[PDB]
Every structure is written in C-alpha cells, then in structure tokens.
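One chain comes next, on its own, written as structure tokens: the form solved without the DNA.
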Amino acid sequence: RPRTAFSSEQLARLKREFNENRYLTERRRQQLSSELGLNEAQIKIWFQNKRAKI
C-alpha cells in the first residue's frame, strides 16, 4: 500500500500525537483514523517511518 498524501492539518495532528506517545495502540490508531479521515494503515506506516527517521 503506497503512502497517501497527508494534508497540512493531518500532519500537524500526527506530529502532535507522535510527540505525546510514539507507539500507537490499536485502539488509538482506530480513534485517530476516525478523527483524521485516514486509513488506519496509513497512520501505522506514518508512525513506523517517523520512528525510523527519529
């Protein structure tokens, strides 16, 4: 699944969440999917790549 394009607002929210906790429980990933309008799979990959860059 190739990464989708995130909006400025979606990225801002993602970075803020990452800053709070960089590991994502299944439940939080599901709540973040609902709130941001992104597939849970896109959030998971964004989190994994972000930790790798870090």
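Heads up: residue numbers just count along the shown sequence, starting at 1.
The same protein also has a form deposited with the DNA bound, omitted here; what follows describes it.
- The DNA in the deposited bound form is not approached by residue 13, whose heavy atoms all lie more than 4.5 angstroms from it.
- Using a 4.5 angstroms limit between non-hydrogen atoms, residue 8 is distant from the DNA in the deposited bound form.
- Residues of 20 to 54 that come within 4.5 Å of the DNA in the deposited bound form, judged by any heavy atom, are 23, 26, 29, 42, 44, 45, 48, 49, 51 in sequence order.
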